[PDB]
Structures are given as structure tokens and as C-alpha cells.
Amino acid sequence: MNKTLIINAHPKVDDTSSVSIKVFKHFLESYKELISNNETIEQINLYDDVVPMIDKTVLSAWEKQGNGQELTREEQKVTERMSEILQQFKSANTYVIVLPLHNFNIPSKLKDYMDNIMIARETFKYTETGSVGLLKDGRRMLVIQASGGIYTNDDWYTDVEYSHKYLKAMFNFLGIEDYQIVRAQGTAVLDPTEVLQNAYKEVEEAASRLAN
């Protein structure tokens, strides 16, 4: 089965004033021109859809599920939603993450999302040596990130680009080694034309690559 999952981590969701949403929408345009009829596309909007965070209730529920105790109606409701998010994630073999860079790390709701999809025995497992990803079946990820600064000049900025470093480390771990990030970078330093034209060109290439 061929399914593409769009993980939209932008707080504005669909507002085209945003650089990363424009770039994504241009990606989506090219991608749909090129995919098969056998290819489904799903999207989760992290700032619009319900994405449960790890809280007392979730930790309590996960404790009980280890003992085999009964869950309260609240624990059932939140664990069920988290199961839907996990299974939706495992159901896809192409992923597109869209995010603005805010304070050198992933958006908080994207952290909640990671907390839903990094699940022992589901996307990774523990081993004698340590732990190992379970999603090693040729999946592909494209990250689209807009940023005010430039992160490819190998300087202090590069060193604190934790958003990219974390996402690549996490997904590489789960088994996704075909990874590309498109950085619509330098929005605070470069001509809007230059930033956008370069990011449109890059996601056009990505669409072509991902559609084969």
C-alpha cells in the first residue's frame, strides 16, 4: 500500500502568509500532478486536530496497561486517540513534515506528536544491546522548515539547529534513512524572492523524487 502522510506542525495551519505553508502548498501541487491513483494522501494538522500530550492521565493509563488494570473512561479516551495517531503514522510510507523554526527546536505540538508515535514494540523495540527502530522498510521523509536565520554556513547557527538535528536523529533511529530537509532559510536576511524561488525549486525536485 502507498500512502503519504502530511504532518503539518504550523500553528497557522493553512494561512498562506506563512513561508513554510506556501512552500508546502507548492510541494503538494507538484506531488499530486505526479502520483498514481493508487496513492492516498492523509494530513494531520497538529494545531487543529486533537494531538494528546503526555500528561498525568496518559502516564497513569500507560502504568495500568503494564499491570493489566482497568482504565478510567478518561484514560481510555486519551489512549484511544493516541492509538489512532500511531496507527495512522505506521500506515504511511511517505511523510512530509511542515514547520516554522521557533526558538531553535521543534514546535511543542510536534513534540506531542513524537510522543504519540515513538512507542515501544510499535515503532522501535528494546534489545540486549539497546534499542532498534522497527520502521526499516524503505520509508521516506521530507521536512519543510522555514527559518529567519541561515543554518548551512557551519557556524553557531548550525550547532543550535536542534529542530533538524532532533527530527533527523529520531526518524533515522525508527528506521527512516531516506530523509530530506528543505530549508526555506534566511527569511530575516534575504530577499523574499530568493528564499521562495529556491524553496519552490527544491520541493519541486522532492515531489518528482518522491512520486517515483
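Residue numbers run from 1 along the displayed sequence.
The stretch 190-198 shows the higher mean C-alpha B-factor when 8-16 is compared against 190-198 in the entry. Looking at mean Cα B-factors across 113-121 and 67-75, the upper value is held by 67-75. Residues shown: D55, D178, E39, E42. Highest C-alpha temperature factor in the entry: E39.
If you compare the C-alpha temperature factors of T129, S83, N105, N93 in the entry, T129 comes out highest. Per the PDB record, residue ranking by Cα B-factor puts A211 in the highest third of the chain. The entry lists a Cα temperature factor for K32 that places it in the highest third of the chain's modelled residues. Among the modelled residues of its chain, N172 has a C-alpha B-factor that falls in the lowest third, as given in the PDB entry.
When the CA B factors of the chain's modelled residues are split into thirds, the value for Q185 lands in the middle one. In the PDB entry, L59 places in the middle third of its chain by CA B-factor.
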